[PDB]
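A.B. asks: A single structure is presented below for examination.
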Amino acid sequence: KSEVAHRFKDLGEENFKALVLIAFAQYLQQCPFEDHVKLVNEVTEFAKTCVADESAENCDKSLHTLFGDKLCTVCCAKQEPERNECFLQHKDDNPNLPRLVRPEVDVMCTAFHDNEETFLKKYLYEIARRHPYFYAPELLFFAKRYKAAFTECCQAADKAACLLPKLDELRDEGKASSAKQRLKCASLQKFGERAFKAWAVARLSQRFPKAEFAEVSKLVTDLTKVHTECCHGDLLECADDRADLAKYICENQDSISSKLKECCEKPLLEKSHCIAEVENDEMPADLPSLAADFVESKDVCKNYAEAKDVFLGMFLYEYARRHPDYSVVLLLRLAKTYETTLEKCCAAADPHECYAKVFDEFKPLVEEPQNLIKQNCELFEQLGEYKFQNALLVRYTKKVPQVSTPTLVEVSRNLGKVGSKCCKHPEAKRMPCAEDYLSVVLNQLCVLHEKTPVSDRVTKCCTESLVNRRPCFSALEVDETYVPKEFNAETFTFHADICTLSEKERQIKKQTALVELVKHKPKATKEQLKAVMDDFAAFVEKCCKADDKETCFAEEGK
Ligand SMILES: CC(C)[C@H]1CC[C@H](C(=O)N[C@H](Cc2ccccc2)C(=O)O)CC1
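Residue numbers (mature numbering (1 follows the signal peptide of the UniProt record, and there is no 0)): 10 to 83, 96 to 579.
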């Protein structure tokens, strides 16, 4: 059994070289590009000697030992069981690498015709460094779209008018995938398979309400294996198991969903990406109420005593089928309440009288997120995306001013994008959009704060139950124990480079200074904050509009 030969023959050389490069760029993010390509080539040539003869020397070594040794040719404490854990824990979610600049379209198109491999290979390299938890088989799909964009646009007349829209759309699609995937790995490493499996049975039951529980259970167990391998660095094992899972869904389509026909006729990488973004299938007609099998039955505690989690999974499956308008987080709350009740009632002398009114306890839990979305969307339309982000900046920096300024401006801008993405939807699609998107933005705050814990209040909010992560953050309130920071003249002084920056890069500078102003005066009236912001907003365009640009900038020193 040669694991390096098994993965090579299942994935093929092209994906093998790509998946091995990604793993190296995520384990050693600070190592240069050309050094990793030399390691990947040597690895790929070694896999060829093992597909020919599986009994050749070192072919029996595991992928962890092979990749660990090849990496440490440049934390490597002998034993491989712990050496792979040193690499995973030292992954830097903000590795402090230089921000990538995009050259002109003719500079990139010439590099695309010159050497197409190293141009696209360096694309997978630079991305895997910045996003060390990126869904590996999903990054191969983004690479193909990044190649088709240059293949089509560089032969077009106006190459810039063609390439820039497709590259800007790909950039935003990638940042969202990385955020969604980082959440999947946090729920596994910090909460276990049970937490992730429950998430999977809820999201898939809404997506596949036609499928039976055994069909959903098989998909969930296989999908958990894929993401457990992908989050633990087993990228070759991850992309192999994902392809086999996509083959099963397509060879058993009528047992899963009806919106899988056009997905199962695309190429391999498109096939898996198509199923991950498929619309929720229609609910089967005439579904009985859950009270018959979960409350009004005399065999509720009998079936629950055999396998509690399997019974709880059936309850979550049956409840998630009938409510595609509920968020996954809400569906986990209704399933945990039904669990707490069964634990109390199945030990009593009359469990039927005890859990007869458990479904009434779900009614208050449903209306809590419905009030969160309706109130904030009504304020989003009145403010606009840019004013909604600024109002969230001053509000949340008063709740927790210990969090660093780049983190506060980061998660506040992403909450404005939740209003731009979900508030347009009706009240039906508002809850699974907003509450689940709100889950991945808070996960950014948690992870970015986990690197340097400054506020113990946020840490307790992240370390507790992730299902209760949104309600714990609502009840923070202003932190009066924090003392205002002394005024720094360099944080308010601007540079002449503010002209060359884009409007989005220039408005981030202004949202940064807003956070530094509230950290200097936490007890600042909402009227006095807009007066200081609008005053510097005038000096940003007025001083740049003059011939002596940087000269008038210094004149505003007081
Ligand atoms: C649907 C959108 C308009 C969205 C906008 C923000 C709003 C919200 O208030 N979120 C906070 C999260 C938080 C807590 C503390 C610090 C930083 C963020 C919470 O209350 O959980 C929820 C809906």
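C-beta: ideal position from N, C-alpha, C; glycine also.
Is it the case that the segment 97-115 contacts the segment 45-57, given that we only count it when at least three CB pairs across the two stretches are under 8 Å?
C.D. replies: Too few Cβ pairs lie closer than 8 Å, so no.
A.B. asks: Rounded to a whole number of angstroms, what is the C-alpha to C-alpha distance between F409 and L400?
C.D. replies: Each residue's alpha carbon lies about 8 Å from the other.
A.B. asks: Would you check whether ligand 1 has a heavy atom nearer than 7 Å to the C-beta of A455?
C.D. replies: Indeed, a heavy atom of ligand 1 lies less than 7 Å from the Cβ.
A.B. asks: Return yes when at least one heavy atom of ligand 1 lies under 7 Å from the C-beta of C483, else no.
C.D. replies: No, Cβ of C483 sits at least 7 Å from all heavy atoms of ligand 1.
A.B. asks: Leaving aside the five residues before and after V499 along the sequence, list all residues of the same chain whose C-beta is less than 7 Å from its C-beta, in chain order.
C.D. replies: Excluding residues within five positions, the ones whose Cβ falls inside 7 Å are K419 and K420.
A.B. asks: Between which residues of its own chain and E300 is the CB-CB distance below 7 Å, once the five residues before and five after are set aside?
C.D. replies: These residues qualify, in order along the chain: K280.
A.B. asks: Reducing DSSP to helix, strand and coil, say where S278 ends up.
C.D. replies: Coil, per DSSP.
A.B. asks: Taking 7 Å as the cut-off, is the beta-carbon of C467 closer than that to any non-hydrogen atom of ligand 1?
C.D. replies: Answer for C467: no, Cβ out of range of ligand 1.
A.B. asks: Taking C40 as part of the alpha helix (DSSP H), name the residues at either end of that continuous run.
C.D. replies: Premise fails: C40 is in no alpha helix (DSSP H) and is neither H nor E.
A.B. asks: Okay, do the segment 249-262 and the segment 204-216 touch, 3+ Cβ pairs below 8 Å being the bar?
C.D. replies: Result yes; three or more Cβ-Cβ pairs closer than 8 Å.
A.B. asks: Please report the straight-line C-alpha distance between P372 and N324, rounded to a whole angstrom.
C.D. replies: Rounded to the nearest angstrom, the two C-alpha atoms are 13 Å apart.
A.B. asks: Within the continuous alpha helix (DSSP H) that includes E524, where are the two ends?
C.D. replies: Taken as a continuous stretch (DSSP letters only), the alpha helix (DSSP H) holding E524 covers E524 to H541.
A.B. asks: Would you mind reading off the limits of the alpha helix (DSSP H) that contains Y338?
C.D. replies: Note, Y338: alpha helix (DSSP H), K329 to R342.
A.B. asks: At a cut-off of 7 Å, is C564 close to ligand 1 when judged by its beta-carbon and the heavy atoms of the ligand?
C.D. replies: Flag unset: Cβ of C564 not near ligand 1.
A.B. asks: Got a sec? Which residues, its chain only, sit under 7 Å from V316 by beta carbon, not counting five neighbours each side?
C.D. replies: Contacts found: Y376, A377, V379 and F380.
A.B. asks: I want to know whether the segment 342-355 touches the segment 439-458 - three or more CB-CB distances under 8 Å.
C.D. replies: Short answer: they touch.
A.B. asks: Give me the Cα-Cα distance between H111 and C206, rounded to the nearest whole angstrom.
C.D. replies: Cα to Cα, the separation comes out at about 15 Å.
A.B. asks: Among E147, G440, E382 and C174, whose alpha-carbon lies nearest the alpha-carbon of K357?
C.D. replies: The shortest C-alpha separation from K357 is found at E382.
A.B. asks: Could you give the first and the last residue of the continuous alpha helix (DSSP H) run that contains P153?
C.D. replies: First-last for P153: undefined, no H or E at that position.
A.B. asks: Suppose the cutoff is 8 Å on Cβ atoms and the five residues either side in sequence are ignored; what does the same chain contact list for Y154 look like?
C.D. replies: Within the same chain, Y154 has close Cβ partners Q35, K112, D114, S199, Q202, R203, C206 and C252.
A.B. asks: Whole angstroms is fine: what's the gap from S486's alpha carbon to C398's?
C.D. replies: Approximately 26 Å, taken between the alpha carbons.
A.B. asks: With a cut-off of 8 Å, do at least 3 Cβ pairs link the segment 302-313 to the segment 333-344?
C.D. replies: Judged by Cβ distances under 8 Å, the segment 302-313 makes contact with the segment 333-344, as three or more pairs qualify.
A.B. asks: Compare the Cα-Cα distances from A368 to each of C322, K525 and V331 and report the closest residue.
C.D. replies: Among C322, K525 and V331, the Cα nearest to that of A368 belongs to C322.
A.B. asks: Which residues bound the alpha helix (DSSP H) around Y36?
C.D. replies: Its alpha helix (DSSP H) spans residues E22 to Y36.
A.B. asks: For the structure I just gave you, are there three or more beta carbon pairs, one from the segment 137-150 and one from the segment 58-67, closer than 8 Å?
C.D. replies: Touching, no, given that fewer than three Cβ pairs across the two stretches are closer than 8 Å.
A.B. asks: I277 and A216 - do their beta-carbons sit closer together than 8 Å?
C.D. replies: For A216 and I277, no; Cβs fall outside 8 Å.
A.B. asks: Are the segment 422-441 and the segment 530-543 touching by the rule of at least three beta carbon pairs closer than 8 Å?
C.D. replies: The segment 422-441 is in contact with the segment 530-543.
A.B. asks: Please list, in chain order, all residues of the same chain as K287 whose beta carbon is under 8 Å from its beta carbon, the five residues on each side excluded.
C.D. replies: The residues are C295.
A.B. asks: In the structure shown, what three-state DSSP assignment does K544 receive?
C.D. replies: Residue state, collapsed to three classes: coil.
A.B. asks: In the DSSP assignment, find the alpha helix (DSSP H) that holds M452 and state where it starts and stops.
C.D. replies: Counting along the chain, the alpha helix (DSSP H) containing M452 begins and ends at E448 to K472.
A.B. asks: For a test of the three-state rule: what should DSSP assign to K384, helix, strand or coil?
C.D. replies: Helix, per DSSP.
A.B. asks: Would you kindly report the start and end of the unbroken alpha helix (DSSP H) that includes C251?
C.D. replies: Start and end: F234 to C252.
A.B. asks: Helix, strand or coil, according to DSSP, for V126 in the structure here?
C.D. replies: Reduced to three states, the DSSP call for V126 is helix.
A.B. asks: With a CB to CB cut of under 8 Å and the five nearest residues on each side skipped, what residues in its chain are close to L386?
C.D. replies: Cβ within range, chain order: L351, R354, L355 and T358.
A.B. asks: What is the DSSP secondary structure of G437, counted as helix, strand or coil?
C.D. replies: DSSP places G437 in helix when its eight states are reduced to three.
A.B. asks: Could you check whether the Cβ of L436 sits closer than 7 Å to any heavy atom belonging to ligand 1?
C.D. replies: It does: the Cβ of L436 is within 7 Å (strictly closer) of some heavy atom of ligand 1.
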